[PDB]
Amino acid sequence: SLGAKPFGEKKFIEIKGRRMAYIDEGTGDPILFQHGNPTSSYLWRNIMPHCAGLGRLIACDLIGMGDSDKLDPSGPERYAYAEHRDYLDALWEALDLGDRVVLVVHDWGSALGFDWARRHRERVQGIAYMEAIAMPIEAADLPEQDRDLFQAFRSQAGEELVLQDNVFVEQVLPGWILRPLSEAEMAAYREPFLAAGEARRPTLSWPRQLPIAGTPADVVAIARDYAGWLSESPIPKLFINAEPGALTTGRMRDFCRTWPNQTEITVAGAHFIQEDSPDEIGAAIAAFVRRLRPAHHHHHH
């Protein structure tokens, strides 16, 4: 359904001196849901219940986000992609996931999850993805109404816009959801970022990492690598396309449609499509997992 209550409860594991928070409900092989910017495990609260009984339902909060600890010191060099990957790789190792992981990814959750899959390909049973960073992009790949703002985040205006005014949480997030949010839903997204200053740094470092027009070169190389790998990978895929969409439209949507062994649905939504069409998304993920994990609870006629 479309509710404001979180799914499950937060567990915590010590990673590199910091506590990281995650949901881990049920038993079986993992179904691993990964949020991006400026969200948390809360993004998946109405999608995860559709997979009840199909596996261990896991949703991690990235470092500095959700209920995971902040890094200190923090500043313009903090919370880059490589640092997020170091913390997330460690958490995923600590979780003892095994070799039949279904990844469910969004946004920077897709850049992190796709790269992890490339590096652990025998351990990935299937990949469900939506509104993803599927390859290096140009400004033209962002919605026209958002291009100037993303260029502003990447400029020296970003500190005031984000650290002081919290614009990613307060403007970009509700602006990329079709329906109006309740106060409880906005409060759950605001909670990690209530405090001005470096507490909000992850939400500024993330747009500065987007691989746009060849910069930053290190993230561009990472996305080039996983794009080339995904386009030839036999791993089963579920593409949750969105209309109008935001990050995965036009030529990026066309590129994703070339990927092999892939099923597709289209749901209503812009970027944070989990807030507009959670039941359709969850039902498609559940059907995908049931196909990958045939349970044979009953005779087939």
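Numbering starts at 1 and runs along the sequence shown.
TODO: For the higher mean C-alpha B factor in the entry, choose 138 to 146 or 175 to 183.
DONE: Stretch with the greater average CA B-factor: 138 to 146.
- [ ] Identify the stretch, either 231 to 239 or 61 to 69, whose C-alpha atoms have the larger mean B-factor according to the entry.
- [x] The stretch with the larger average C-alpha B-factor is 231 to 239.
Task: 26, 38, 30, 49, ranked by C-alpha B-factor: the highest one - done: Answer for 26, 38, 30, 49: 26, with the highest C-alpha B-factor.
TODO: Have a look at 192, 98, 126, 158 and flag the one whose Cα has the highest B-factor in the entry.
DONE: Max CA B-factor in the entry, restricted to 192, 98, 126, 158: 158.
TODO: Would you mind checking where the Cα B-factor of residue 118 ranks among the modelled residues of its chain, as the lowest, middle or highest third?
DONE: It falls in the bottom third of the chain.
Task: B-factor third for the C-alpha atom of residue 170 within its chain - done: Residue 170: CA B-factor falls in the highest third of its chain.
- [ ] For residue 211, return the chain-relative third of its C-alpha B-factor as stated in the PDB record: lowest, middle or highest.
- [x] According to the entry, residue 211 has a C-alpha B-factor in the chain's middle third.
- [ ] Grab the CA temperature factor for residue 263 from the record and place it in the lowest, middle or highest third of its chain.
- [x] Middle third by C-alpha B-factor.
Task: CA B-factor placement of residue 224, once the chain's modelled residues are sorted into thirds - done: For residue 224, whose C-alpha B-factor we compare with every modelled residue in the chain, the answer is the highest third.
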